[PDB]
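Just below is one structure, and these are the notes that go with it.
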Amino acid sequence: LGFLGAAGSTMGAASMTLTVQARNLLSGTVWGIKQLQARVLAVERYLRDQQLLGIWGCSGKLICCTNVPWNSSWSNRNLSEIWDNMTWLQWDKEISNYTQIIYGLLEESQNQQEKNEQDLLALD
Amino acid sequence: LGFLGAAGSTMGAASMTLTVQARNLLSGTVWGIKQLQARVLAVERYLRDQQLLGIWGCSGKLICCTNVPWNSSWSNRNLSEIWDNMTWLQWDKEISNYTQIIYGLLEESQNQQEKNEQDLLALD
Amino acid sequence: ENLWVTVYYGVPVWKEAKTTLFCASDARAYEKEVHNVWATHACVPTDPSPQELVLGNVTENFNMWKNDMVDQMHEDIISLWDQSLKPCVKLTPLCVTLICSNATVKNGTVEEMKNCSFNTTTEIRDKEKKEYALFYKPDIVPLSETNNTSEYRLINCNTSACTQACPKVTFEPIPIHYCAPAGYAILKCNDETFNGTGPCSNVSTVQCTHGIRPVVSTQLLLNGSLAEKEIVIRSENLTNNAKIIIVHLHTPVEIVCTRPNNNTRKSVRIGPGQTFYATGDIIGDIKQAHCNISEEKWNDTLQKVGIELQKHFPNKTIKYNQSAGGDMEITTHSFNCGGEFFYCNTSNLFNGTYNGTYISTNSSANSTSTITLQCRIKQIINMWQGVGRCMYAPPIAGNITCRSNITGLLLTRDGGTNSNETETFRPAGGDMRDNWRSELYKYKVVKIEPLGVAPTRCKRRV
Amino acid sequence: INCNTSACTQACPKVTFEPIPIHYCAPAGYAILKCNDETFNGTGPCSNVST
Amino acid sequence: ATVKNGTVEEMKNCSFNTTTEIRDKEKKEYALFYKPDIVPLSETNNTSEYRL
Ligand SMILES: *[C@@H]1O[C@H](CO)[C@@H](O[C@@H]2O[C@H](CO)[C@@H](O[C@@H]3O[C@H](CO)[C@@H](O)[C@H](O)[C@@H]3O)[C@H](O)[C@H]2NC(C)=O)[C@H](O)[C@H]1NC(C)=O
Ligand SMILES: *[C@@H]1O[C@H](CO)[C@@H](O[C@@H]2O[C@H](CO)[C@@H](O)[C@H](O)[C@H]2NC(C)=O)[C@H](O)[C@H]1NC(C)=O
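Protein chains in written order, with our numbering: chain A, 1 to 124; chain B, 125 to 248; chain C, 249 to 710; chain D, 711 to 761; chain E, 762 to 813.
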């Protein structure tokens, strides 16, 4: 289906075929300095997102569920109506307010479990 | 033995000491704009190969065996005669045709595993 | 069941943002020389693949006016052209007195250009020789404020210094594909009746845009794309009578242009190892440059445009009229094709008007008859403000002809008075952003935001 | 002899034309292969090849 | 121009031929310059011929 082929497909149907959209984020071809700027900018963006995923413990990415509990004040919406028949592009316009809060919790939870990875392995 | 020190060695003997050849793919020193172009091109190449490995599930790379079954129509060659007494450089000139086919299967198999990583973990 | 946080990568999500799109072109131009043509000197070989993809359930608010791709196209073409004039000769020895002859003809009509002499510095710095060249009158101005009927000047040298266009490069508009770097997508509308701004219920994604023609014209929009099914009228705000209204036709109107005079190439060494060019004697008989348009086709075009100008002005008349006025660059239909800069008078194209009466279009008496526009030719050009604004276009020997397709109009609605019901449109000159806005209307750039967060039924197996 | 052809430049007095030796070499991800068989015709295989 | 007694802080009024917009036509002109930027031209004695 191509690059954005699942744009507008259901969130269930769009949550697969993620690799074809992950595989396009890195490429390059230049004339002049002002496009070399764009190239290194894109490389930087990719590395920033990868580093963010790693800080959450989702290295080897693509889909990665976690422990930071879903506070009801983030969605207040029904699971079927959000998964079966909503689309990701218009899901963003329902949760864009609250992702930036969740990211910090999602880092500190990784810290809180890597502490156990330290301690329990030491004791064993 | 150095950079390509295992070139020409047996595929078994060249399948080890991969780190010394993996470690040389990143470096840089530049005069002018054209060598800067070369530098960012090398960085992009490294990231492309890393992303491809991650899409297959071989993150934390170096050696990573899989499930995508070896169709007999890819080699039709005996295991000892290919592992004990062939070398990688002339192994490419026996299998160069069919790698590009295998890569897509090797992506979708990782997808077919991540589906279970979702489902079975959810049910538990 | 409970719900925790989960993160997906590779999600389809968009936000429109700025980005520098890189130009690409078809491979046949990339065996060519430096600066010939700009479409290859500063671009990359394009690929038709990947083919166009349609997004099967979408809605995105495209906007033809609140757009930033035209700004990039403007900046890129200015910088590219200013780069293209660097290796050329800069004509500073030509800022000298020109003594001109006063040949004259009376009765009927005549189209003379002056024969002017001027002392030149040869390869030797301190030795000079008498010479001559023929110049069109618009580029020649009298020098002295005191009365003298023979001592003239080039129109420059009062303003900035001024440059010859390189003889090896061309002004031919090779098509250009603008397209996006990694992490950005170009979204394309596909609803044929699109007003220009507002939602498109059918939206698509492409890798690289359709080949745009960097072609210059003021009052008529020359070679380019054609509308899909009917004429479309597009303006930023039709309640405003000053803004440029773009009319994009369905069927083209063919126009042929010609300079019949069999001109001659004359060369002049000006300083050590660089040559100034000029026209020598005119061969044959002196004649008038012009452009022809079929009359019935123009009546049909202006009538079909009148049918849609009355969708916003139903009761009132539409009453086309001549350009308002101003300098020679402001009023005429200026264009370049064949290499020589024409400036054609358009007053006969907008002389009458559709009066609501949609007069019968068939059967035409003689479709081979045409309406001729008389044209004037320059050699010194002020293409845009400030970008090394001179270019002396070296003359092309022989007689030349040019054939091209009309595809759109730039118009303007005149100021009303006395509550007039018969109000009038006119041709409009405009900045070049207006010209290219008719071509980049279909496209918008979006960034890909591939990281999303969702509630899920699984917990990490710590 | 010039001034009929292009204009023409003095060599700067501070710079020199001395041929200082130059080492060409490749960026990361590329290698230089060196033939080391002394009788090499110039084209064709080298049975001894080095990096 | 000269002043005597007390003190004076004056600057010179120097004329110079200039090429106008026409390469091969010139016109007379003048400008005032502070002395530190004006030096006598000829090594031979001349009370009026100066240089930048
Ligand atoms: C533009 O003006 C120039 C001069 O201002 C014209 O060039 C001049 O043309 C005349 C006529 O051919 C030349 O004089 C003739 O020379 C022959 C020598 O074979 C002689 O037998 C004749 O008695 C006559 O003297 C004259 O040399 C030439 N001037 C220069 C500087 O070359 C030119 O024809 C004019 N062009 C137009 C389109 O009006
Ligand atoms: C220069 O003028 C001649 C004569 O007007 C042109 O020759 C004609 O060109 C047309 C096509 O434009 C042909 O259909 C005719 O057969 C040609 N001959 C005649 C006698 O008409 C010539 O094309 C012009 N030069 C250029 C470059 O357009």
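For every residue, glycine included, the Cβ atom is placed at its ideal position computed from N, Cα and C.
Check, Outcome
"Just to check, is the beta-carbon of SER515(C) closer than 6 Å to a non-hydrogen atom of ligand 1?", "no"
"Here's the rule: buried if 16 or more other CB atoms are within 10 angstroms of the residue's CB, otherwise exposed. What is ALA428(C)?", "buried"
"Rounded to whole angstroms, how far is the Cβ of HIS322(C) from the Cβ of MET639(C), which I believe are closer than 8 Å?", "About 18 Å separates the two Cβ atoms, so there is no contact after all."
"Sort out for me which residues DSSP pairs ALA792(E) with in a bridge.", "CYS775(E)"
"Which of the three DSSP states is assigned to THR665(C) in this structure?", "coil"
"Determine, for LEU171(B), whether the minimum Cβ-Cβ distance to residues of chain A falls below 7 Å.", "yes"
"Secondary structure at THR549(C), three-state DSSP: helix, strand or coil?", "helix"
"How big is the Cα-Cα spacing for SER75(A) and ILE102(A)?", "12 Å"
"Could you tell me whether any non-hydrogen atom of ligand 1 is closer than 6 Å to the CB of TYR380(C)?", "yes"
"Between the alpha carbons of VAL454(C) and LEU47(A), how many angstroms are there, rounded?", "25 Å"
"Helix, strand or coil for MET631(C) per DSSP?", "coil"
"Pull up the distance between the alpha-carbon of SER757(D) and that of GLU748(D), whole angstroms please.", "11 Å"
"Note down, one range per segment and in chain order, each alpha helix (DSSP H) of at least 4 residues found wholly within the segment 207-241 of chain B.", "212-219"
"Express the C-alpha separation of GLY521(C) and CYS271(C) in angstroms, rounding to a whole number.", "35 Å"
"With 9 Å as the C-beta to C-beta threshold (strictly closer), list the residues of the segment 19-47 of chain A near chain C in chain order.", "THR19, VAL20, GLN21, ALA22, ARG23, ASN24, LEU25, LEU26, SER27, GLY28, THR29, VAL30, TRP31, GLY32, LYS34, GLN35, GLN37, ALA38, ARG39, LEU41, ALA42, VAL43, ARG45, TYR46"
"Rank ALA7(A), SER109(A), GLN90(A), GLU44(A) by C-alpha distance to the C-alpha of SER27(A) and give the top, closest one.", "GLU44(A)"
"With distances taken between CB atoms, is the gap from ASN540(C) to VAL504(C) smaller than 7 Å?", "yes"
"Can you look up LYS280(C) in the DSSP assignment and give me helix, strand or coil?", "coil"
"What does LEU247(B) touch in chain G if you count any residue whose Cβ is under 8 Å from its own?", "You won't find chain G in this structure, because its protein chains are A, B, C, D and E."
"Quick one: grab the DSSP three-state call for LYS567(C).", "coil"
"Quick one: which chain D residues come within Cβ less than 7 Å of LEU128(B)?", "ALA741, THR761"
"Can you find a C-beta in chain A that's less than 7 Å from the C-beta of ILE179(B)?", "yes"
"Leaving aside the five residues before and after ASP548(C) along the sequence, list all residues of the same chain whose C-beta is less than 7 Å from its C-beta, in chain order.", "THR609"
"Whose CB is closer than 7 Å to a heavy atom of ligand 2? List the residues in chain order.", "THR506(C), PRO508(C), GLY646(C), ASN647(C), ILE648(C), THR649(C)"
"Given a cut-off of 7 Å, decide if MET772(E) and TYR791(E) are closer than it, judged by their beta-carbon atoms.", "no"
"Can you tell me whether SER365(C) sits near ligand 1, meaning its C-beta is under 6 Å from at least one heavy atom of the ligand?", "yes"
"Less than 7 Å between CB atoms is the rule here; does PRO423(C) satisfy it with respect to chain D?", "no"
"Taking contact to mean at least 3 C-beta pairs separated by less than 8 Å, is the segment 333-349 of chain C in contact with the segment 474-487 of chain C?", "no"
"In three-state DSSP terms, what is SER515(C)?", "strand"
"Kindly indicate if chain C contains any beta-carbon less than 7 Å away from that of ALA7(A).", "yes"
"For the 8 Å Cβ check, are there 3 or more pairs between the segment 666-677 of chain C and the segment 463-475 of chain C?", "yes"
"What is the rounded straight-line gap between the Cα of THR565(C) and the Cα of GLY656(C)?", "21 Å"
"Cβ-heavy atom distance between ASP529(C) and ligand 1 below 6 Å?", "yes"
"Would you say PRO415(C) reaches chain D, if we count a Cβ-Cβ gap shorter than 7 Å as a contact?", "no"
"Fully enclosed by the segment 318-359 of chain C, which beta strand (DSSP E) runs are 3 residues long or longer?", "346-348"
"Can you tell me which of the three DSSP states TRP286(C) falls into?", "helix"
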